[PDB]
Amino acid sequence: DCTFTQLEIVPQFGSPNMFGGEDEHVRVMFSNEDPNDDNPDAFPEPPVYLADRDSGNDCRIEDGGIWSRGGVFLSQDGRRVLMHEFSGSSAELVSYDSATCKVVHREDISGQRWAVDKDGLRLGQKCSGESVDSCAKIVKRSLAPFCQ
């Protein structure tokens, strides 16, 4: 249950300029403050809203980003939310506690193409395209440190 599943982030009808997504465990939401884009690929402005569906409670992630819209992942047990955040050319993968919204783990991935699937994390270098599979070097890194 240390598996991570991508969580699609989509417009919420009734909540103007909100994008989010959910599963049985956690809901996740961003506000889109880009004036010229109704279909943004990322979220520079916090907070990020995290709703723990078990507890009924929710909390805010007050600083961070820029969060990638395609980059949100939920742990199987619902206790962790893994996010891709980037600034400039740098990037990282950050795992937050879904109850507290506290950073549990953080890993600098700058320069590497990347992917998250059932098996774990993959990072790669020397690439033709954004697909990690175009990489002449591919390392499998464990997601264990993001879990627990």
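Sequential numbering from 1, following the sequence displayed.
- For the pair 118 to 126 and 62 to 70, the mean B factor over Cα atoms is greater in 118 to 126.
- Comparing 75 to 83 with 88 to 96, the stretch with the higher mean C-alpha B-factor in the PDB entry is 75 to 83.
- Among all modelled residues in this chain, the alpha-carbon of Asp108 has a temperature factor (C-alpha) in the middle third.
- Sort the chain's modelled residues by C-alpha temperature factor and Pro35 lands in the highest third, per the entry.
- The entry lists a Cα temperature factor for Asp54 that places it in the highest third of the chain's modelled residues.
- Per the deposited record, the Cα B-factor of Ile9 falls in the lowest third when ranked against the other modelled residues of its chain.
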